[PDB]
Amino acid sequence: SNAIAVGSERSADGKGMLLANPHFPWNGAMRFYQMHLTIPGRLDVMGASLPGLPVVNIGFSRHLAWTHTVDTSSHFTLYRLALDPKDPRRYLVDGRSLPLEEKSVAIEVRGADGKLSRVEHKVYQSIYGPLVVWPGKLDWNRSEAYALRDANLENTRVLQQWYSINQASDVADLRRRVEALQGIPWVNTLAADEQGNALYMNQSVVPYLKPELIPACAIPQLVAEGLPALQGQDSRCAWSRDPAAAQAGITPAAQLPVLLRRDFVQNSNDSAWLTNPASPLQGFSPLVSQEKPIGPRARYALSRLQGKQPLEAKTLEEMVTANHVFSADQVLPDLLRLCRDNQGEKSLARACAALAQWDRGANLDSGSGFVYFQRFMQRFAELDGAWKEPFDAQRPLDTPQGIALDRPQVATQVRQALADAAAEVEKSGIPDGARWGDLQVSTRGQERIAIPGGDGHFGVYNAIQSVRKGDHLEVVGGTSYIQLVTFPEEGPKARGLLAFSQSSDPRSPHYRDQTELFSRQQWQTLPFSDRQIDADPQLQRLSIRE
């Protein structure tokens, strides 16, 4: 997901502006749906929502626009259990042997014959929650097991929380409403208002442990691998209870990162840290936010936003529609030097040609260089110490950068890696001359529509994740509901698209109308006022009751 909110000090109009570019699946239980909800006098909001939910999840109203991105906070903790040495179904808490609980579920299964069998399945549970087994990493042997405590299980506040956000007037109000109810499960919220405030909150439901408990309650090895793991044999590693949190065991709102500015805030699924570099967010629990190196989408966006030129609506749009493969900025210059250094290696020539010819884009018309670049990068990322300038806590925005071609073994490894990448591409069935849009598509019935964008892991702000199907890459997630909102005095002006269209049903007039436009990168008005709605020559109307 991306989000940028621009404040009165940076927009071309002295007003708020928001770019919402969340990245979620193109199918299934998180497929965005657009709608506009109004109870005249007390609710008027428009945006996108999730299947089955009668609230808008990402949207705007008269003076506010807000959006979300998946945060890096922990929303659960693993607990390593010490098993009773006498009974691997009992576990020790403060040296006291506790019995696991068993809850059975029964599921009906349709067999070969069309008939139903009943399968019974035992789920074991500890005081923390259910046990989980990841073979080779989280085992259940005679000495230890792992249980998982998910903080969102007891979050009954989620729908009231979004309903409340749908009723928010402005940024301060939105912040108040989120901080009071603490029903946001596991996303950041970014917002802008008419007055020109720009807000970032890492305000979600996060397991709370007082800061002094962490060093001794952590499982150190599991924590280095990114897992929120705690010692489950010590009662002092239970989540801390603080009467200011809206739910027992979660982090109070005052302890979660917030940044309220008038220039900009941004997030591309990194931590709260570099939301705006002029004001780093630091000193939080490692369950909350850690100062880790930012991914290429954040680096890209920060490269566009920093400075003092004012940001136009169009500027934010193009950051999406440019399809620029930011990761190329880190490695293609040196990679190309290596190419020139090796002219007349019969094995490398198609590669280098392709890469020198490449526009550094994930456009429909972008050349095969993107394909060669992607597979190069997949092998490059598995090499040790090949960065010219490694990551540097002090230069978080411009590092890592460049290939250490000066070190002779790295040069051999980068070369070998480009030869392997070339061989993989060349082995596959790519027609000569073919473009990125000829390969990456979304299937609509028995047709195909070429889709621009590429994987977020290569720095393409228009992140599109695809997978191999037959002869094509089939799009499965990424850019989905797009909304770019400003505030002229007349009323909120919003522009965007739903990439995959309103309806997943092939029979629908709205199965692919917006997909066609997404292919062409032709965003459209999102009509909000009665005047804009009545202006629409496609307007239709049904009243229903029962």
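One rule holds for the numbers: they count along the sequence shown, beginning at 1. Whichever C-alpha set is largest while still superposing within 1.5 Å between the two forms counts as the rigid core.
Comparing 428 to 436 with 296 to 304 by root mean square Cα distance to the shown form in 8 other deposited structures of this protein, with the rigid core used for the fit, gives 428 to 436 as the more displaced stretch. When the two stretches 183 to 191 and 354 to 362 are set side by side, the higher mean Cα temperature factor goes to 354 to 362. For the segment pair 62 to 70 and 25 to 33, the entry gives 62 to 70 the higher mean B-factor, averaged over Cα atoms.
The entry lists C-alpha B-factors for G41, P509, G478, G491, and the highest of these is at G491. The PDB entry assigns the greatest CA B-factor among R176, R241, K137, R444 to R241. Among all modelled residues in its chain, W387 ranks in the highest third by Cα B-factor.
Per the deposited record, the Cα B-factor of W436 falls in the highest third when ranked against the other modelled residues of its chain. Residue-level temperature factors show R297 in the lowest third of its chain, judged at the C-alpha atom. Among all modelled residues in its chain, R157 ranks in the lowest third by Cα B-factor.
In the deposited entry, the Cα temperature factor of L259 sits in the middle third of values across the chain's modelled residues.
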